[PDB]
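So the structure is just underneath, and the comments pick up after that.
Should a chain be cited, it is by its letter among A, B, C, D, E, F, G, H and I, assigned in written order, with residues numbered from 1 in that chain.
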Amino acid sequence: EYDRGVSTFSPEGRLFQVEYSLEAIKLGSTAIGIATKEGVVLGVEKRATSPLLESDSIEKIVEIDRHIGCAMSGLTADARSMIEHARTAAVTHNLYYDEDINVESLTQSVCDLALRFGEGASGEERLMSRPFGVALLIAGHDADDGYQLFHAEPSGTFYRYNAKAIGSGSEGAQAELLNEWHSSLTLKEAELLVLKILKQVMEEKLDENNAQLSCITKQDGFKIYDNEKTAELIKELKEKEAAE
Amino acid sequence: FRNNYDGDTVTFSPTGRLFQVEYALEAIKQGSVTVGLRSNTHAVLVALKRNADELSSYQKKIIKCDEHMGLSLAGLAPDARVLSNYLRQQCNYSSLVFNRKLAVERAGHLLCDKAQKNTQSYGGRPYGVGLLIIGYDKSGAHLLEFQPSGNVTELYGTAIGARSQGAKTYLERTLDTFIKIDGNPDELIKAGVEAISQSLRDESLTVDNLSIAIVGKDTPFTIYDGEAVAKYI
Amino acid sequence: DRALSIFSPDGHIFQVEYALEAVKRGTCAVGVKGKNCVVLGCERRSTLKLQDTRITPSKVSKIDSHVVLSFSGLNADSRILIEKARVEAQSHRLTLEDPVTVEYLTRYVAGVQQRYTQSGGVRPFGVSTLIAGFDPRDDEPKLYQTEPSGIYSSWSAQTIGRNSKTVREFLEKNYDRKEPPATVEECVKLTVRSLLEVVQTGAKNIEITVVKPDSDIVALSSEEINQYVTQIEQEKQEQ
Amino acid sequence: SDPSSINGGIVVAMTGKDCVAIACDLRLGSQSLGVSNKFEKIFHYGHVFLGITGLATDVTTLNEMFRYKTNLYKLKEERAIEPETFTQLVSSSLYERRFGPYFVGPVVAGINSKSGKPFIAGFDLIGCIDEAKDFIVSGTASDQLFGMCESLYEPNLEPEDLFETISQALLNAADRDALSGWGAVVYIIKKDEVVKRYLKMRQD
Amino acid sequence: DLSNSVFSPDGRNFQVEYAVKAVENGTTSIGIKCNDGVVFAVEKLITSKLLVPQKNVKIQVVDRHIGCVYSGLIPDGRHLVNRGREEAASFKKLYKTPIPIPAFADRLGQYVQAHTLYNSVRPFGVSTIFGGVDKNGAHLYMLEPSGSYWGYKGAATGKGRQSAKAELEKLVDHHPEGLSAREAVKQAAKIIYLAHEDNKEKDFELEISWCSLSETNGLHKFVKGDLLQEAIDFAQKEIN
Amino acid sequence: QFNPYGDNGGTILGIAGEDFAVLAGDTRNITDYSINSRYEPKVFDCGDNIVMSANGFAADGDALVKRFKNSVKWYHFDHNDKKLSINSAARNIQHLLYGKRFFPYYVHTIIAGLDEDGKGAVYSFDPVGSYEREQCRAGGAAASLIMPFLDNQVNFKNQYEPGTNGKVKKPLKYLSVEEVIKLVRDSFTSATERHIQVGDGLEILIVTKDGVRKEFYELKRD
Amino acid sequence: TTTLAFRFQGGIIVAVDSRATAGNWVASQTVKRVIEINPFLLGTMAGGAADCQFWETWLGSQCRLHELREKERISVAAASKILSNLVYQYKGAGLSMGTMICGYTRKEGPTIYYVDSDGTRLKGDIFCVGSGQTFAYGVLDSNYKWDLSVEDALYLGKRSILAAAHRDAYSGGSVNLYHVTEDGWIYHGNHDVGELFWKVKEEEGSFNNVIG
Amino acid sequence: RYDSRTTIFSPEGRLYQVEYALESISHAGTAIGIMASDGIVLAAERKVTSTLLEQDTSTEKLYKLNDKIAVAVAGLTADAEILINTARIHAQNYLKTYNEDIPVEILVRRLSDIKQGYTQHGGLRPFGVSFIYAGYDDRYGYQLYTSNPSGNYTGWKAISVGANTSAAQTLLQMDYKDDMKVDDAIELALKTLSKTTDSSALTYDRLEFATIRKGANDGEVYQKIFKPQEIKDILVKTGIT
Amino acid sequence: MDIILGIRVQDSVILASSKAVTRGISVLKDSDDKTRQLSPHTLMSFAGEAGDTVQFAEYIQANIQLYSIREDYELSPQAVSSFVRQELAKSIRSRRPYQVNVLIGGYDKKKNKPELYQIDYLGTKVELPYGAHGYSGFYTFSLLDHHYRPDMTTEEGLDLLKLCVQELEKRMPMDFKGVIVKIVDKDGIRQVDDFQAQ
């Protein structure tokens, strides 16, 4: 077990501390993102300890701006930090340029935040010991590359996706998605899609309480689907299965 | 069975080695492949963008630092960005203050002296990424090989990354030829392209996998993305 | 792998986990709300009683005229939080006129509990807490719980401390999610009986504090709390 | 543009055979407008006495600052501060703020509980010590006081007489100074007992 | 034995030995104090045919009168040079007169010194040879990881130091009056070749510089060009 | 005492043509009653099809431009060579300018280019930061000699339709670039005739949806 | 300059001129003196252009942060307070600026806070600041009532600003009008004083003394 | 996770580091404080003995903290003096600011808060002291307070700390009428104290005392740290040779 | 300057304070309360520099309220005024002093007696039977010296004060737009709102 201490290099040149943080995100409840030339969807499994917690209390999906939403997975305390830096990074830009920030440019800032942690500092002060125990599903729309979807990894790196899923049943979905996704997916299509892979690799009987759902478009911007829209959408779902 | 001499970047092995820095070079060997090659009219960087999944984008490995300079990288993105970023300032300092375009020899100097610090002080760790640099100053073309160990060497061409060998050799041989390819860009590239394809194993390169960069005698540093490189396949 | 500022293979920060183990060690608190009130119940570790009744402390603490909180865990700690919260409660009102939002408050508190889990050379607050109150010019009862790690959460009714698991169960099949306890009187009736599990007779181990809107507030007296034990044991015997 | 001269007030002290005395007026007011006639410039720390003239807030602040310190002295040393000692202190204290001086004019006086020797001192706003064996004057009508004292001080008076002298000295100089008056008070310090007296004067 | 600050049961700092151990392991460097001025030379090792010749210089000038070279850990060397560069230029701005080689060493010795005092820092991994002129002649010293240095008639470190050592030995006696400025170079040119015979299967590139009021004119110039060639050939004949 | 500021004359001008934009400003440079250089450019291209000029105190001026041309460069580095919409540039300048609020840049600065629709656009600046979207502004020494004119010629101010009594103001119409440059040259000559700090030459940068054009016309060396 | 704002039965009314001026010469008549802080708020512009303009935008940012955190609309009182606090930080430094911060919240109802570079925070029902503040307070005082036809409120504003424009040399150009409600503000265009004047004197019969 | 460091948390939410110190107390001289409806009593038994040690022009157990407040020590001598000092200072800032006497409750609190401070940060160890606070303020009258190194304070009717304070403790629980006038307490004090001693018998020299009392004839509060004599005497009054 | 009065009577205190607000020339609000209740039984009127005024008051207010819930026990008028003076004492030698004068009225519940403290911006405090900052004293102080008696009822005080006002109107150059009057007593605070119709 020697070789597990943050800035330490494995003899195969690897950083486990980092790699474990990833193993944190695993424990989070599942989150799924789907990008369609029509708009972008963000849906997450809720999973509540007791019926006395007020679902809406769990901010698994949050607004970062009229044009950018987000879903997290894993460590909730750490989330609040990234969410706040991001929210700030956005507004700041708008104050400086009177425009909107490029989704990736934003995303960048966030990853710029992540990997900025030292161990006594071999030059740069970095006040925060270890990496983040959380990942992000950033999903917005700038007018240069239209609709966009990203994956924020604690390692300070990231990737652009068409559809991606983080959380508990990561592969359970990624496999599914791997062969469900196609460009000309409409938005209505995408919703019922996320809503299906959740239910599957989900845990309990799917219903608005255990599943928050949202989306964002050029039209209206980031909107978090109230419990009605979600509820009925369940029906249009659980009905088509009966047939095929 | 045991080895205590590999604790911090700060400790010497009985013989006089720094295992920590040695490991960083291993993560360098782990990342994707990339190539550089020069002549007297231009310089070229060619790299293999590697994607995570099939539903994801390929992580880019080239970066501009000025109209006349750039690099590719083998290893950790973060580490790289930092270094390239620091580099960007250094050129800017020169331009504004002195109004002279930064010489490559000197660019390597700074990246040595920079990465150097991390090998002498406790607390940190060393940079996990290597870089091939290209540029065109007043001494014509130039090309550099940089290691986290702070060693920057001036070459004629090279590769770094996983299975970087096969290209290093292709290059070693076809040398006499390309060092003479002056006035023709597409030639240097096709050459470079062949040198790299001479290292694939998973499969051939596509419009999405490929990426190229160039800089020269009238060719300010520019990059070719995807469908733009289409021809060179 | 326990001395946390580092990760377990499975991505845990065991210290932060253990800290919670102390909130259980401590006393017990429980909060409930209606469509007009929010009651906060607590027990009393009446153990080495040869001490003046008068001035010695009691769990519930007012943070601002319209908001209060309770805890369980290390008293030694708890005090310091309460103080720092009270301070921020004014620093806000000063620099913004408008008096604090209960949600905001908690977020601040949780931010502090959260601050003590990052820099090496500091240790987490062994305190989890219930915060209740009514927002300025608002009649919607608010209940939140914050805990050691830094997470804040809104509950319809929740409990912390030793044997929380039990009473929690009880509450679960009593508190109607659809409709909350209407009247104040009975909203209390509820909380009181929910504590009677762990109490072990005597309103001499039960503290009640009640909060209404428009910065009203009011702790309870012993007999008042007793007249309930009474009117409950009565219907228990009637079942 | 003088601060000292804004609020008003005076204080004077004398040494008698085996005792001391110290008195001050009572007036406090921003230049022309008189404000209070119950403002006292003399207090003490156990058996030590201090009279302070000059700028009002600075006076108050000083009293507080001294009460503070003497309490802390007597505590760790299990004995009250001595006169001569106090002097040297209030001295240094004034100086510590030599570039943001306190606009005042102190005057200390008391009886040393060991030697039994009467004591009196005066200082400028920065802590320069004026050791005297007859009298000390500070305040608005400084000059009028020296005129009285120079005539009236007689080496070694009886406490009952010293009172009458100092009283008259203060009282009369105060009437030729437009910025002091509205009552006064005199203390008489004996080895043990101490007598405080307010006197009747013009209220204009 | 594992930390830098500590002492052994009988007063010994091991980290410094290993420092030394790494200094040896690297290339070989030399230097020679002659008539007036000095001469240096190092061993660049061509590991492949893809190395531009006349390029990666291992020798560096300081101010405009001090030659300087080393061996061991290359970045460590470079680093150390910078400090030496400030110290020099600061002094110069202060006293006007270009910095006395005698003291210079200390300024550096004192800096290499420190890195043997605290545990949080790593010992300097290079042995360094250098010299220059002034009013009272030319000088030449050699600084090690321990920080201890001295004045030599000629110095050597890196891989094969003995070769050049016994080689330097001879010169002393046959020319106990300082070797000719000119011959100094060409002689150095040889002394290197002889000492290279370890990296023999691997070709190399020799680099040379020098100082002299007569030849360089008080300055430090890079021996490159015509004198450079013959100096090689000169070595190439004796190379048998 | 030391006086850290100075005036080097100069007069610049910006007109927002329907689908173009011009930024003209002479080449003279002065100190007291002396000359410094017959030719000295105050108008520049900064890339991204955006022209700038800052008149008042040279040093503060060119420093701003330099400080800006760099802040453009850096914008590309962090956002993948995204083009800077003119509107954006200005919000940015405001800050730069405001950075030195309590030790300002002693200059009236102006920029011109095109918006995200292809319409011409000019922007006038305060010496500390207030910016306005102007469609026509003259700044500099001569300012008050040209502005009254453009008022009239460009906006037909105080000009009515004959025979309407004075009930119908003459309708505005948009003029081709040629038409504009004619106005501009006349404006400067008139100005040179009656203003000592103005004369010598005129350098004009014309912005259009395919680059920057430069045309020069010599004035009087009065 | 002449800006003003007032509260009434229907919400808030804001009116401005547009004449900037350096010494004796008119630098511009195309001045935006109403800072559209954000969809629901407005700030006027007295004192010194840059200061109002800059800070008020800065403030606009500040709201967005708060709002997003709280998932609630920021209340006028606070917004104003913040600006004040920020301004106080610089009392002495040389910041010059008069201004009305106007909003209409869920609870607060319509509400104006005049604020200045001296840190004066002031709740009110009517405010005029500028050179012409004096003439404008005329028309207003006499003609104001709390039950104005939404349209009359808009007319009063015009005319008021207009009196100032005529007399106060340092004021004039064109008037800008905005109305404020529970759901945000609405622009009511620009009106060239030159043209308008002639109109009013005509319809209203007022401005007799004037020839033609 | 075992013993070391204060910043450590054992798998069960225990801070050993503290629990040792919080127990280190059981090594100091037995100090006692008692409440009466007319005065408060602080009794204490000296330690560090030999035959060549003075104690008259000094003490080290009973320290006067305010003209209205007093404390009984029981821990590390070195520690105590530091807190005792800053406890005095702060008390004076309260006076210098509000121009009034600092309330006991408040004072105790602030101190408990520093002790608590050292209970949570790396690079420092907690104070190994325990205090019996005794004083009066017109807000809540007479007050007896206590505090350990855990940073917790407590209101007591009559308490003891240090050595055998479990034995000594119970003796108290017996005889104690809430009103119990002072002399009965001063008396009780010794009764409780004697019973819990390794010395052949109770000798004045090895003993410290003080009391607090106020009234109509004083109009204010007066406290007395008893001098060598008064003690050697009252001891006899309680029937001791 | 503005108008700030205060008078201590039988079992209460009364604070007068003009209503107008001026910006060089025009008068903005003219129904402005220069008051700020610190605690249920303590209150403070003030006049001073434009910004300095309203900031400081609230700030003082903050601290108090804080202390009062923390302790749960209320703070005494005496001690309150001591702290205010403390703060100004520092303020005066700060890089920038808050230029502000004040009157502090409160009902000390322990003594069951009303106390009134006048304090200028220099940090000059004094317990008084009545007072007025600025030029306000000159015009009135006499009438008070004249008719004032410690035993006066709450009403008696109003009449007096009312008379002082009538005078201030008659001989003062400035138009203060009237006055807002307020009473602190064993019951707390209430406003004599009637002083418009009275």
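Here is the rule we go by: a contact is a pair of C-beta atoms (placed from the backbone, for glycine too) under 8 Å apart; a residue touches a chain by one contact, two chains touch by 3 or more.
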| request: Based on which chains touch which, give the shortest step count from chain B to chain D. | output: 4
| request: Supply the minimal count of touching-chain steps required to go from chain E to chain F. | output: 2
| said: What are the mutual neighbours of chain C and chain F in this structure? | reply: A, G
| Higher C-beta contact count, H-I or A-C? | A-C
| So how far apart, in whole Å, are chain C and chain I when each is placed at the average of its C-alpha atoms? | 41
| said: Between chain D and chain G, what distance separates the C-alpha centroids? Give it in angstrom. | reply: 61
| request: Go ahead and note the Å separation of the Cα centroids belonging to chain B and chain I. | output: 75
| In chain F, what residues contact two or more other chains? | none
| note | Among chain E residues, those touching two or more other chains are none
| request: Can you tell me which residues of chain B touch two or more of the remaining chains? | output: 9, 121-123
| Each pair of chains that touch: what are they? | A-B, A-C, A-F, A-G, B-E, B-F, C-G, C-H, C-I, D-H, D-I, F-G, G-I, H-I
| chain C contact footprint on chain G (complex, rising order) | 69-70, 72, 75, 77-78, 81-82, 85, 107
| query | What part of chain B is in contact with chain E in the complex they form? | reply | 4-5, 7, 9-17, 109, 112-113, 115-116, 119-123, 149-151, 153-158, 168, 171-172, 175
| chain C residues touching chain I - in the complex, by the definition given at the top | 62-65, 83, 86-87, 90-91, 93-94
| query | Where on chain G is chain I touching in the complex? | reply | 88, 91-92, 114, 116, 118-124, 127-129, 133-134, 137
| Hey, which residues of chain H end up touching chain I in the complex? | 96-100, 103, 106, 138-139
